[PDB]
J.: 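For reference, the structure I am asking about is given below.
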Amino acid sequence: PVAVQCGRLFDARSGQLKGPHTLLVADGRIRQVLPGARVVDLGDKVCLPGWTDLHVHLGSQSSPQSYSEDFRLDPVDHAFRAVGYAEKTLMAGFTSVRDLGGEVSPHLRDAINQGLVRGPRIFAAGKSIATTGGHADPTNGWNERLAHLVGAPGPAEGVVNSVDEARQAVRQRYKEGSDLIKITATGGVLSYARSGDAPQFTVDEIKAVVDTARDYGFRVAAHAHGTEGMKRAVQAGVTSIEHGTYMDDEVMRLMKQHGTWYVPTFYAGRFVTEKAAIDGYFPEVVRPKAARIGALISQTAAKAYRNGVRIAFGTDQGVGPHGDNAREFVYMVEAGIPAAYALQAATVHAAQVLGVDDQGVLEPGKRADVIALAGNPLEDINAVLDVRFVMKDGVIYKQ
Amino acid sequence: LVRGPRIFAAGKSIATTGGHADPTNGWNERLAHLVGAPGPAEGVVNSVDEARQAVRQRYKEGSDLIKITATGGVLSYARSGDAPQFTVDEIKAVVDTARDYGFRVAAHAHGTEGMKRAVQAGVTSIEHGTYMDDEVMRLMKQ
Amino acid sequence: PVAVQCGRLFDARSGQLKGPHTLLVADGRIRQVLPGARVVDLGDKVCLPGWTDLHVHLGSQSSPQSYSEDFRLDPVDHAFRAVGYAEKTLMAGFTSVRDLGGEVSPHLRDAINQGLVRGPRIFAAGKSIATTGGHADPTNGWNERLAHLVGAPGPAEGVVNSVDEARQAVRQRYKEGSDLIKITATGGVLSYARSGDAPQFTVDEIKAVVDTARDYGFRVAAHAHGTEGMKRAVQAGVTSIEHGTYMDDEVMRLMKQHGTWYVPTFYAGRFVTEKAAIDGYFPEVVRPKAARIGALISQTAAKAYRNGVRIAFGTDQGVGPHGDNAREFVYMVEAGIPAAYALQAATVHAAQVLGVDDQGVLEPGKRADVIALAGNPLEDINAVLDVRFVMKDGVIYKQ
Amino acid sequence: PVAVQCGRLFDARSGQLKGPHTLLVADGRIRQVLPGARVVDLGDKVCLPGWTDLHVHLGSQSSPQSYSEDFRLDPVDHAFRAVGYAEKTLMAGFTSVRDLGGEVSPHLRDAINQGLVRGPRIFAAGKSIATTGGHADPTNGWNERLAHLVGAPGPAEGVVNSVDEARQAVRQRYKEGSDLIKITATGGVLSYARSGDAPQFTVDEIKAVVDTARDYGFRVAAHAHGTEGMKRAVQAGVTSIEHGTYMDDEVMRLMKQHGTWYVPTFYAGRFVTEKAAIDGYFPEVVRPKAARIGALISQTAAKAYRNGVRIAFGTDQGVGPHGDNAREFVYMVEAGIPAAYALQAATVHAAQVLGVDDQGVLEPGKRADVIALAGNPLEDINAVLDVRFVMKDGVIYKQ
Ligand SMILES: N[C@@H](Cc1ccccc1)C(=O)O
Ligand SMILES: N[C@@H](Cc1ccccc1)C(=O)O
Ligand SMILES: N[C@@H](Cc1ccccc1)C(=O)O
Ligand SMILES: N[C@@H](Cc1ccccc1)C(=O)O
Ligand SMILES: [Zn+2]
Ligand SMILES: [Zn+2]
Ligand SMILES: [Zn+2]
Ligand SMILES: [Zn+2]
Ligand SMILES: [Zn+2]
Ligand SMILES: [Zn+2]
Ligand SMILES: [Zn+2]
């Protein structure tokens with residue numbers, strides 16, 4: 001039971017910044033909010049709800065040695081790195097994340113929930129579902145010998161080629177403690193494959209995935225660059241679309257009429273655009289796709305925002321360095337999106353994307369996830385780069 | 001050889017991947033890798049043809065009837081307890097295959113949706129009926 | 001470039017407590033000691049070299065649920081616990097440990113060396129070498145189905161039955177990044193096997209293990225309860241003997257003539273004796289062995305010390321809770337061993353056991369592992385339970 | 001707390017029949033014997049210690065359908081028969097048995113010890129150790145397809161071909177919960193192999209088996225028909241020899257000097273001789289061996305007894321029907337062995353063969369295994385076929 005006196009409070013529901021306020025917190029919930037036991041004085045700081053990043057990969061981080069780790073490193077090394085990654089993510093002001101791929105994240109979520117390590121609240125997708133040769137196929141680029149001693153990946157490994165295999169893959173993800181489902185509808189940039197945006201799912205397979213996920217209470221996120229795969233994913237009924245690179249007017253209309261959420265991920269596009277100029281950083285098959293696809297996200301996201309498509313906050317950290325997520329906010333404001341909507345997309349719209357109602361706004365009966373900033377972010381957007389106070393579930397982690 | 005009652009045996013219970021009767025729930029990655037993904041011979045089905053093969057495999061092993069788990073359960077090492085784990089097509093395939101071999105089908109069900117699917121497919125008995133409601137009651141009576 | 005000013009200093013080379021001293025720490029080494037840049041002041045505290053624990057298992061900790069973790073838990077789950085275990089071990093005053101079994105410990109050592117997590121300096125053995133049905137056999141207690149699924153373990157898994165297999169197992173431990181070798185010469189208490197002290201190695205096999213390890217520059221530690229297996233291990237040429245449970249005068253003469261080190265591990269025996277009186281804590285096949293064997297270590301260690309057998313500090317944490325290793329000191333003093341020798345066995349004798357010469361004494365040119373206690377340990381031993389200052393390699397971790 | 005009053009008592013230590021006696025049974029042991037709480041009255045019956053059968057196979061019983069059960073029956077089907085087999089064996093007067101082969105018998109021993117089923121006290125050997133193509137090879141007679149499916153058996157399956165393999169096989173039998181070791185030194189009758197008495201072990205392999213078993217505290221029993229293999233087994237140091245079919249003067253001298261025990265098994269030879277005259281009962285490869293070898297046991301056992309070879313009681317039930325083991329007594333008497341020695345071989349010599357000292361004679365401080373006969377066995381041996389009172393460990397199972 002504590003009382004946090006905030007000099008200025010940001011309302012995520014209305015998007016407006018209020019004046020001095022007091023928050024009485026008990027049992028990890030916001031017990032009461034008073035306009036105008038232990039006292040926490042942040043009377044010269046701007047208070048906000050904890051941020052949510054809807055696209056992270058806490059089990060990896062890009063480096064020049066990435067494309068060999070799968071042959072040299074064990075999951076235990078990735079877990080030891082993920083401890084520091086999760087600590088840096090929590091200290092940057094993000095009290096919740098959605099992990100969109102990786103088999104160490106559910107274990108890390110269990111460890112954080114038990115109290116062994118510090119970090120955010122993780123909504124884990126587990127292994128991403130793909131087709132043969134797809135963006136998430138775990139055998140792309142392997143020679144004949146390794147592929148022969150591995151075998152052709154199947155539904156247990158996340159690779160499907162029919163409706164029944166898609167059903168089995170969704171059920172296998174449920175068996176392993178996943179919180180949601182992730183599919184790759186088209187090709188990608190960082191995969192060891194020729195194509196970058198070709199459609200890799202049929203409408204029947206995506207419909208089977210969505211129908212199976214509805215039975216287990218799972219939401220489906222879709223990775224899509226090309227227009228045809230994005231259209232198939234939207235018409236099948238996925239909840240969110242990732243990177244939306246080649247989105248057009250018909251896809252925009254379908255998104256608006258369906259209510260699908262859009263996650264642009266400015267940070268990943270800028271990172272892959274900058275890192276493709278360095279010789280030898282990416283493999284020769286990856287570099288042209290990175291150079292071509294990275295420099296379109298800002299334009300596509302600005303066009304989608306101007307047309308009324310619902311946009312939510314997500315960065316794809318795992319390509320960029322963990323702990324620098326808030327820079328995305330800056331990229332959102334220099335692309336023509338107002339700062340208030342940018343903060344709403346990380347606080348109140350992120351909860352709608354996640355399908356929960358116990359977080360997002362500083363209201364009674366909700367989780368006590370509170371952060372504070374030195375400066376007011378509605379005038380200068382760089383103020384989000386200096387987080388002073390972090391509290392999660394009523395426990396103070398930075399003060 | 002021994003004393004006891006007259007036994008009508010069902011054998012291994014048919015389930016889906018991660019179901020209440022899945023024999024690999026809660027096993028770590030190593031044991032599950034040396035076991036492999038259970039299939040129709042092990043009682044785990046994910047399609048109509050797999051359900052047909054599972055019913056025929058139970059017949060091959062001298063079963064007297066068929067047992068399926070339509071929803072989740074309590075004592076299983078799985079997260080859910082009543083979520084629907086069978087599609088209507090799979091249960092219909094199970095019942096149609098069992099009718100050919102003279103088998104009756106018993107269904108384990110806690111949640112309402114799985115119970116409704118099992119009843120509308122044509123199972124003989126429903127087990128534990130935990131979240132039964134008025135519509136399921138009417139369907140069972142009819 | 002720091003200078004630490006201690007009110008009283010302990011000399012591990014001689015076993016006496018000196019007066020005020022100043023130590024100049026630069027580049028991670030002890031540069032120069034002065035009788036009587038930045039200044040650290042511990043003028044009311046007693047300064048000592050950092051302790052070494054020669055028997056730990058940082059990848060496990062005994063609990064009521066232990067004997068099922070082999071079927072329900074993954075290595076990443078163990079690594080997430082090992083992070084906290086290592087943090088507690090380092091914080092308790094132990095800047096160096098010798099891990100005597102486990103496949104996670106080398107990865108934790110690499111992570112600590114890279115700076116990802118905090119912990120002591122680890123000398124890891126990796127997998128322990130045993131025979132078929134031995135104390136360290138990873139398949140003991142499994143049913144026929146699982147045992148057929150995995151197959152009979154061989155030299156790669158650490159199970160040997162001949163001279164060539166022992167050679168290959170030593171080379172396989174070298175291939176996996178081990179710093180030393182560990183064998184189980186007899187049966188044990190916590191294994192799922194019927195015997196507790198029967199001889200499980202032949203002289204030829206142990207000689208082959210020692211001869212192979214000598215080529216690769218390793219030292220061999222042997223776990224031994226029974227007199228025949230321990231005699232075989234001593235006569236083959238192992239470096240240290242663990243738990244010495246049924247040691248007698250012929251064995252004592254052999255160790256005195258051979259120069260073998262002895263590690264009693266009071267804490268493990270006391271812990272198993274206490275836990276054998278709780279119903280259901282241990283399996284039914286384990287409880288009688290624990291009750292019989294636990295209550296003999298104290299007497300055997302005292303009677304070995306009275307005859308002049310060289311004794312080194314070890315606890316077997318992993319059986320007891322990590323971070324409580326200093327309590328072993330108390331068990332050493334109440335058994336008739338002077339506190340000066342108890343501290344020397346953990347500082348200067350531990351370095352001799354490890355085979356290194358860059359640690360153990362606070363002398364110029366050696367690593368700067370310095371701990372400080374509030375009270376004086378040479379009058380009351382319980383003062384070892386309150387560590388106030390911990391420094392390792394020149395970096396302060398507690399002050 | 002019971003008192004049993006017997007009209008006449010047999011002294012197994014001396015071989016004489018005493019007069020009336022009273023035995024006080026408390027806590028499962030014989031407490032005190034009186035010449036001349038609850039009272040059990042057997043005043044018109046002869047009291048004896050419970051018998052021991054040193055050669056049984058409680059997991060099988062010979063039948064016309066035997067040589068197909070390896071392909072159509074599961075172990076549970078055998079356990080359900082073993083329940084009744086053990087009940088009949090205990091009810092026939094045998095309170096202790098030594099099982100000389102089978103993977104179900106250790107489980108039956110555990111079940112009887114836990115009290116789930118009724119039966120005698122079992123000393124089980126587990127799998128029998130043989131060489132490639134040996135009498136106990138579990139793959140003899142299979143076609144190429146099945147043999148390729150299972151693969152060539154190794155030490156885990158009980159087949160050895162070298163010293164290290166024999167060591168590993170002994171350790172593997174120890175790992176599976178065996179109480180002793182069993183090897184087949186020569187060929188046999190009931191195996192699906194060409195030979196019946198050829199030497200199938202080398203001296204080095206048997207010496208390795210014996211030396212390994214001595215470390216783990218086991219005794220070794222060797223099945224042997226031919227003189228070369230039996231000589232090798234005797235000179236290596238086995239504890240007992242089974243069936244002794246082609247024993248000669250040199251072998252007899254070797255057993256007399258070494259102190260080896262001899263188990264003739266009259267019943268098995270008589271049964272195979274009787275069943276070799278029925279068409280189709282045995283396979284064509286088995287019938288000539290049975291007809292040749294069965295009709296030599298009686299003569300060999302009698303002529304071995306005349307030379308002073310120590311003889312112990314054994315039948316090989318599993319070949320003949322369980323519960324008819326006492327008939328062997330008759331076969332012993334008509335072959336020239338006195339009834340007193342026949343009873344001593346089953347009571348006091350059996351304990352020496354087993355290596356235990358808590359059974360065999362009705363003396364204070366020993367287990368209370370007491371049987372009673374209606375008639376006097378020292379005048380008519382057929383009285384052993386009518387057992388009226390059976391008690392084991394102080395619990396009355398028949399009265
Ligand atoms: N994960 C994305 C990275 C990316 C995002 C956005 C733009 C460009 C690249 C991919 O590999 O396809
Ligand atoms: N077998 C049932 C047990 C049960 C029956 C009825 C009610 C609750 C539990 C299950 O695990 O689901
Ligand atoms: N590792 C030892 C534990 C132990 C140490 C000392 C005494 C008793 C037990 C064992 O299981 O055998
Ligand atoms: N087990 C013996 C049976 C037997 C015993 C005695 C004489 C003849 C046969 C065998 O098959 O060889
Ligand atoms: Zn993506
Ligand atoms: Zn991604
Ligand atoms: Zn049920
Ligand atoms: Zn040990
Ligand atoms: Zn140990
Ligand atoms: Zn035999
Ligand atoms: Zn036999």
Side-chain angles (χ1 to χ4, degrees), chain A residues 53-62 97-102 105 125 128 130 135-136 182-184 188-191 221-225 240-243 263-265 267-269 271-272 314-320, chain B residues 13 15 19-21 25 67 69-78 80-82 85 106-111 114 126-132, chain C residues 53-60 62 97-102 105 125 128 130 135-136 182-184 188-191 221-225 240-243 263-265 267-269 271-272 314-320:
Chain A
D53 194 338
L54 292 156
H55 199 150
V56 302
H57 300 279
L58 274 171
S60 54
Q61 189 179 279
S62 179
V97 294
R98 190 176 57 157
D99 199 292
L100 284 192
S105 278
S128 164
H135 175 64
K182 219 300 194 67
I183 69 159
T184 52
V189 166
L190 299 172
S191 61
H223 155 107
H225 283 307
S240 50
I241 283 285
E242 262 75 51
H243 319 290
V263 183
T265 75
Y267 203 113
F271 187 89
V272 299
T315 66
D316 205 352
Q317 294 305 264
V319 177
Chain B
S13 164
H20 175 64
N25 284 349
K67 219 300 194 67
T69 52
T71 73
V74 166
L75 299 172
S76 60
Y77 216 100
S80 160
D82 61 352
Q85 291 181 345
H108 155 107
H110 283 307
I126 283 285
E127 262 75 51
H128 319 290
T130 312
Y131 290 100
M132 188 192 294
Chain C
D53 196 334
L54 290 160
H55 197 154
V56 305
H57 301 274
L58 274 170
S60 64
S62 180
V97 290
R98 195 182 61 162
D99 201 301
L100 283 201
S105 279
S128 174
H135 177 58
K182 220 300 197 69
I183 69 162
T184 54
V189 162
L190 296 177
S191 56
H223 148 115
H225 288 301
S240 45
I241 291 287
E242 262 78 46
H243 318 292
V263 179
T265 71
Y267 205 114
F271 182 89
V272 296
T315 64
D316 210 316
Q317 292 308 265
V319 161

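Just so you know, ligand 1 is whichever comes first in the structure, and atom 1 is the first atom listed for that ligand. Per chain, numbering begins at 1; letters A, B, ... match sequence-line order.
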J.: Taking atom types as modelled, find out whether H55(C) and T265(C) have a side-chain donor-acceptor pair closer than 3.5 angstrom.
T.: no

J.: Is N25(B) reaching over with its side chain to a backbone N or O of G19(B), donor-acceptor style, under 3.5 angstrom?
T.: yes

J.: Find, among atoms of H55(C) that are N, O or S, the one nearest to the Zn ion (ligand 9), and state its name.
T.: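 The Zn ion (ligand 9) is closest to the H55(C) atom NE2, counting only N, O or S.
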
J.: If the cut-off is 4.0 Å to any non-hydrogen atom of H108(B), which atoms of ligand 2 fall inside it?
T.: 12 (O)

J.: Say whether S76(B), considering both its backbone and side-chain N or O atoms, lies within less than 3.5 Å of an N or O atom on ligand 2.
T.: no

J.: Among all the protein's non-hydrogen atoms, which is closest to atom 7 (C) of ligand 2, and how far away is it?
T.: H110(B) CE1, 4.2 Å

J.: Can you find a non-hydrogen atom of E127(B) under 4.0 Å from ligand 2?
T.: no

J.: Under 3.5 Å, is there a donor-acceptor pair linking the side chains of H135(A) and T184(A)?
T.: no

J.: Just wondering, do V97(C) and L58(C) contact through their side chains at under 4.5 Å, heavy atoms?
T.: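 When only atoms from C-beta onward are counted, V97(C) and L58(C) do touch, with a gap below 4.5 Å.
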
J.: State the atom name: nearest N, O or S atom of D316(A) to the Zn ion (ligand 6).
T.: OD1

J.: Using protein heavy atoms only, decide if any is under 4.0 Å from atom 9 (C) of ligand 2.
T.: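 Neighbour list for atom 9 (C) of ligand 2 includes protein heavy atoms (cut-off 4.0 Å).
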
J.: Indicate the atoms forming the closest heavy-atom contact of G188(A) with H223(A), along with that distance.
T.: CA-NE2, 3.8 Å

J.: With nothing but distance in play, are any N or O atoms of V74(B) less than 3.5 Å from an N or O of ligand 2?
T.: yes

J.: Quick one: look up the protein heavy atom nearest atom 11 (O) of ligand 2 and list residue, atom name and how far away it is.
T.: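 Nearest protein contact, heavy atoms only, for atom 11 (O) of ligand 2 is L75(B) N, 3.0 Å.
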
J.: Would one find an N, O or S atom of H57(A), in either backbone or side chain, under 2.8 Å from the Zn ion (ligand 6)?
T.: yes

J.: Counting distance only, does the side-chain N/O of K182(C) pair as donor-acceptor with the main-chain N or O of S128(C) below 3.5 Å?
T.: no

J.: Have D53(C) and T315(C) got a donor and an acceptor in their side chains that come within less than 3.5 Å?
T.: yes

J.: Counting each atom of ligand 2 from 1 as listed, which ones have a heavy atom of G73(B) under 4.0 Å away?
T.: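 Selected atoms, number and element: 12 (O).
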
J.: For atom 5 (C) of ligand 2, what's the nearest protein heavy-atom neighbour? Residue, atom name and distance, please.
T.: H128(B) ND1, 3.3 Å

J.: Return yes if some donor-acceptor pair links the side-chain N/O of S76(B) with the main-chain N/O of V74(B) below 3.5 Å, else return no.
T.: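 Checking the backbone N and O of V74(B) against the side chain of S76(B), no donor-acceptor pair under 3.5 Å is found.
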
